[PDB]
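Undergrad: Sequence first, structure after, both from an experimental entry:
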Amino acid sequence: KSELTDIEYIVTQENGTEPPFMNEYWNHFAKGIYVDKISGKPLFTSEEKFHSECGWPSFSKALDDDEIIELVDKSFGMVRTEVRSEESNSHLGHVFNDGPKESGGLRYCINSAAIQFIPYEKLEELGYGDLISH
């Protein structure tokens, strides 16, 4: 919550992007939620994630649509849809229409230096408990 790795900070705060594959929640598929490394406010779950061999955690929708602000991103001679934390106003990364066609067809390619996983088994313990879906 803002004594965090140079890259945890670079991404969230300075609109950075972590190397692909050399990141935490890439291949991670444990059952629990992913939260804003800063706010702690829940941004995604574990059941709504998939393999995109893209280099970064990819998700089919967001936990709470009314809980990420999506901006246009003119960056690097391109158009695009940035995905940021409403709550912490920090950088997650972008969304794309190339997802699995029978979930959302949206691809929420999120940076891991802007997420801390929380396991399913320590939820009704760290005050997200409410978040039991499934």
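TA: Sure, I can see it. Residues are numbered from 1 along each chain as shown.
Undergrad: can you tell me which residues contact the residue nearest the centre of the chain?
TA: For the chain, residue 110 is the residue whose C-alpha lies nearest the centre (C-alpha atoms, centre = their mean; 4.1 Å). Neighbouring residues of residue 110 by C-beta atoms under 8 Å, 6 or more residues apart in numbering: 25, 34, 43-44, 56-59, 83, 92-93. Every residue, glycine included, has its C-beta placed from N, CA and C.
Undergrad: Closest one of those to residue 16?
TA: Ranked by distance to residue 16 (C-beta to C-beta), those are led by residue 93 at 9.7 Å.
Undergrad: if we look at stretch 9-22, which residues are touching it?
TA: Against stretch 9-22 from outside (C-beta under 8 Å, 6+ apart): 2, 4, 7, 26, 36-38, 54-56, 85, 88, 90-91, 93, 111-114.
Undergrad: and that stretch, C-alpha only, in CSV?
TA: The C-alpha trace of stretch 9-22 is given here as CSV (Å, rounded to 0.1, in the frame of the first residue of the first chain):
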residue,chain,number,x,y,z
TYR,A,9,4.9,1.3,-8.2
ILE,A,10,6.2,2.0,-11.8
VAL,A,11,3.0,0.0,-13.1
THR,A,12,0.2,1.2,-10.8
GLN,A,13,1.6,4.8,-10.4
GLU,A,14,3.7,5.6,-13.5
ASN,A,15,1.5,3.7,-16.0
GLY,A,16,4.2,1.0,-16.6
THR,A,17,4.0,-2.6,-18.0
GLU,A,18,5.8,-5.6,-16.4
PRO,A,19,7.8,-8.0,-18.6
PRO,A,20,5.6,-10.9,-19.9
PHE,A,21,5.9,-14.4,-18.3
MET,A,22,8.5,-12.9,-15.8
